[PDB]
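Next comes protein.pdb, with PDB, C-alpha atoms.
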ATOM      1  CA  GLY K   1     -56.661 179.559 206.252  1.00  0.00           C
ATOM      2  CA  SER K   2     -58.975 182.448 205.168  1.00  0.00           C
ATOM      3  CA  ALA K   3     -59.978 184.565 202.095  1.00  0.00           C
ATOM      4  CA  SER K   4     -62.042 187.613 200.875  1.00  0.00           C
ATOM      5  CA  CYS K   5     -65.106 185.302 200.271  1.00  0.00           C
ATOM      6  CA  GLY K   6     -65.521 187.097 196.859  1.00  0.00           C
ATOM      7  CA  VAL K   7     -65.423 190.771 195.705  1.00  0.00           C
ATOM      8  CA  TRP K   8     -67.937 193.625 195.361  1.00  0.00           C
ATOM      9  CA  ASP K   9     -70.016 194.954 192.433  1.00  0.00           C
ATOM     10  CA  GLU K  10     -70.842 198.553 191.257  1.00  0.00           C
ATOM     11  CA  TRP K  11     -72.073 201.153 193.802  1.00  0.00           C
ATOM     12  CA  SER K  12     -75.596 202.588 194.339  1.00  0.00           C
ATOM     13  CA  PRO K  13     -76.658 206.314 194.552  1.00  0.00           C
ATOM     14  CA  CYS K  14     -76.266 208.275 197.816  1.00  0.00           C
ATOM     15  CA  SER K  15     -79.185 208.686 200.345  1.00  0.00           C
ATOM     16  CA  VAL K  16     -79.084 212.556 199.935  1.00  0.00           C
ATOM     17  CA  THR K  17     -77.276 212.829 196.499  1.00  0.00           C
ATOM     18  CA  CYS K  18     -75.160 215.698 198.026  1.00  0.00           C
ATOM     19  CA  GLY K  19     -72.394 214.292 200.371  1.00  0.00           C
ATOM     20  CA  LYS K  20     -73.987 214.277 203.921  1.00  0.00           C
ATOM     21  CA  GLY K  21     -75.318 210.682 203.543  1.00  0.00           C
ATOM     22  CA  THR K  22     -74.418 207.073 202.601  1.00  0.00           C
ATOM     23  CA  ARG K  23     -74.264 204.726 199.562  1.00  0.00           C
ATOM     24  CA  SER K  24     -74.362 200.885 199.327  1.00  0.00           C
ATOM     25  CA  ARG K  25     -73.545 197.753 197.248  1.00  0.00           C
ATOM     26  CA  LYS K  26     -74.187 193.961 197.161  1.00  0.00           C
ATOM     27  CA  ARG K  27     -72.056 190.891 196.189  1.00  0.00           C
ATOM     28  CA  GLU K  28     -72.121 187.136 195.373  1.00  0.00           C
ATOM     29  CA  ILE K  29     -70.535 185.654 198.559  1.00  0.00           C
ATOM     30  CA  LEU K  30     -68.497 182.421 198.006  1.00  0.00           C
ATOM     31  CA  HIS K  31     -69.785 180.860 201.317  1.00  0.00           C
ATOM     32  CA  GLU K  32     -72.881 181.219 203.596  1.00  0.00           C
ATOM     33  CA  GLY K  33     -70.840 182.718 206.535  1.00  0.00           C
ATOM     34  CA  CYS K  34     -69.782 186.026 204.853  1.00  0.00           C
ATOM     35  CA  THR K  35     -71.041 189.680 204.574  1.00  0.00           C
ATOM     36  CA  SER K  36     -73.000 190.299 201.301  1.00  0.00           C
ATOM     37  CA  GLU K  37     -74.008 194.023 201.715  1.00  0.00           C
ATOM     38  CA  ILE K  38     -72.186 197.175 203.066  1.00  0.00           C
ATOM     39  CA  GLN K  39     -72.392 201.009 203.306  1.00  0.00           C
ATOM     40  CA  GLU K  40     -70.088 204.106 203.467  1.00  0.00           C
ATOM     41  CA  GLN K  41     -70.360 207.956 203.294  1.00  0.00           C
ATOM     42  CA  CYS K  42     -70.805 209.089 199.643  1.00  0.00           C
ATOM     43  CA  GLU K  43     -68.650 211.439 197.436  1.00  0.00           C
ATOM     44  CA  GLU K  44     -71.414 213.754 196.017  1.00  0.00           C
ATOM     45  CA  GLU K  45     -71.437 217.626 196.329  1.00  0.00           C
ATOM     46  CA  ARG K  46     -73.559 220.843 196.866  1.00  0.00           C
ATOM     47  CA  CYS K  47     -75.973 220.047 199.765  1.00  0.00           C
ATOM     48  CA  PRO K  48     -78.889 222.462 200.617  1.00  0.00           C
ATOM     49  CA  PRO K  49     -78.800 225.017 203.564  1.00  0.00           C
TER      50      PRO K  49
END

Using structure tokens, write down the structure that the file contains.
Amino acid sequence: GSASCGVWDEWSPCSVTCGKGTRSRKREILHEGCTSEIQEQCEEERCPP
């Protein structure tokens, strides 16, 4: 069948530390044919003008 190939670790800081950018994390993949790093839009606040 198929599986998650592991689970993720703790997140990293955002690229702008304000909300209009992205954050990332790494993991210990169970097999060589799986994604080991990802990104998403962060949850920070109060960006500059």

| request: With the file shown as input, list the residues that the PyMOL selection byres ((chain K and resi 16) around 10) selects, as a PyMOL selection string. | output: chain K and resi 13-15+17-23+42+44-45+47-48

| query | Near residue 29 of chain K, counting only C-alpha atoms, which residues have an atom at most 6 Å away, once you skip same-chain residues fewer than 3 positions from it, shown as a ChimeraX atom specification? | reply | /K:5-6,36

| query | When you draw a straight line from atom CA of residue 39 of chain K to atom CA of residue 10 of chain K, how long is it in Å? | reply | 12.4 Å

| Could you name the residues that touch residue 7 of chain K at 10 Å or less, counting all atoms listed in the file, but leaving out those on the same chain fewer than 3 positions away, as a PyMOL selection string? | chain K and resi 4+26-30+36

Provide an axis-aligned box for all listed atoms of segment 27-38 of chain K, padding each side by 4 Å; report its centre and its edge lengths in Å to one decimal, as JSON.
{"center_x": -71.3, "center_y": 189.0, "center_z": 201.0, "size_x": 13.5, "size_y": 24.3, "size_z": 19.2}

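You will find atom CA of residue 40 of chain K at 10.8 Å from atom CA of residue 12 of chain K.
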
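Using only C-alpha atoms, the smallest distance between any of K:49, K:37, K:31, K:43 and residue 2 of chain K comes from K:31.
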
N, CA and C atoms for segment 3-26 of chain K, written as a short mmCIF file (atom, residue, chain, number, x, y, z; two decimals), in the frame of the given file, could you do that?
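Saved result, part30.cif, follows:
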data_model
loop_
_atom_site.label_atom_id
_atom_site.label_comp_id
_atom_site.auth_asym_id
_atom_site.auth_seq_id
_atom_site.Cartn_x
_atom_site.Cartn_y
_atom_site.Cartn_z
N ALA K 3 -59.91 183.82 203.36
CA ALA K 3 -59.98 184.56 202.10
C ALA K 3 -61.03 185.69 202.13
N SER K 4 -61.08 186.51 201.07
CA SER K 4 -62.04 187.61 200.88
C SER K 4 -63.52 187.18 200.75
N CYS K 5 -63.78 185.88 200.52
CA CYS K 5 -65.11 185.30 200.27
C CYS K 5 -65.83 185.92 199.05
N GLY K 6 -65.06 186.42 198.07
CA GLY K 6 -65.52 187.10 196.86
C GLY K 6 -65.07 188.56 196.81
N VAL K 7 -65.62 189.32 195.86
CA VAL K 7 -65.42 190.77 195.70
C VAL K 7 -66.73 191.47 195.32
N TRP K 8 -66.76 192.78 195.55
CA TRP K 8 -67.94 193.62 195.36
C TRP K 8 -68.27 193.97 193.90
N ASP K 9 -69.50 194.45 193.72
CA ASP K 9 -70.02 194.95 192.43
C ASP K 9 -69.99 196.50 192.36
N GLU K 10 -70.67 197.10 191.39
CA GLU K 10 -70.84 198.55 191.26
C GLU K 10 -71.68 199.15 192.40
N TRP K 11 -71.37 200.39 192.77
CA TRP K 11 -72.07 201.15 193.80
C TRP K 11 -73.48 201.61 193.39
N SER K 12 -74.24 202.00 194.41
CA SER K 12 -75.60 202.59 194.34
C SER K 12 -75.55 204.11 194.58
N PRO K 13 -76.60 204.88 194.24
CA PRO K 13 -76.66 206.31 194.55
C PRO K 13 -76.72 206.59 196.06
N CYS K 14 -76.28 207.79 196.44
CA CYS K 14 -76.27 208.28 197.82
C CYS K 14 -77.68 208.61 198.34
N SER K 15 -77.91 208.43 199.65
CA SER K 15 -79.18 208.69 200.34
C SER K 15 -79.68 210.15 200.33
N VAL K 16 -78.79 211.11 200.05
CA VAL K 16 -79.08 212.56 199.94
C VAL K 16 -78.61 213.19 198.62
N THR K 17 -77.92 212.42 197.77
CA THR K 17 -77.28 212.83 196.50
C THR K 17 -76.45 214.14 196.58
N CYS K 18 -75.87 214.43 197.76
CA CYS K 18 -75.16 215.70 198.03
C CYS K 18 -73.86 215.64 198.85
N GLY K 19 -73.64 214.56 199.62
CA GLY K 19 -72.39 214.29 200.37
C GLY K 19 -72.56 213.98 201.87
N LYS K 20 -73.67 214.42 202.48
CA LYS K 20 -73.99 214.28 203.92
C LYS K 20 -74.81 213.02 204.24
N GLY K 21 -74.61 211.97 203.45
CA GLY K 21 -75.32 210.68 203.54
C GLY K 21 -74.47 209.51 203.07
N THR K 22 -75.10 208.34 202.91
CA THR K 22 -74.42 207.07 202.60
C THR K 22 -74.87 206.44 201.29
N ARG K 23 -74.03 205.56 200.75
CA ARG K 23 -74.26 204.73 199.56
C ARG K 23 -73.99 203.26 199.90
N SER K 24 -74.46 202.33 199.06
CA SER K 24 -74.36 200.88 199.33
C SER K 24 -74.08 200.04 198.08
N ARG K 25 -73.71 198.77 198.30
CA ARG K 25 -73.54 197.75 197.25
C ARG K 25 -73.70 196.34 197.80
N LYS K 26 -73.96 195.40 196.90
CA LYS K 26 -74.19 193.96 197.16
C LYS K 26 -73.12 193.12 196.46
#
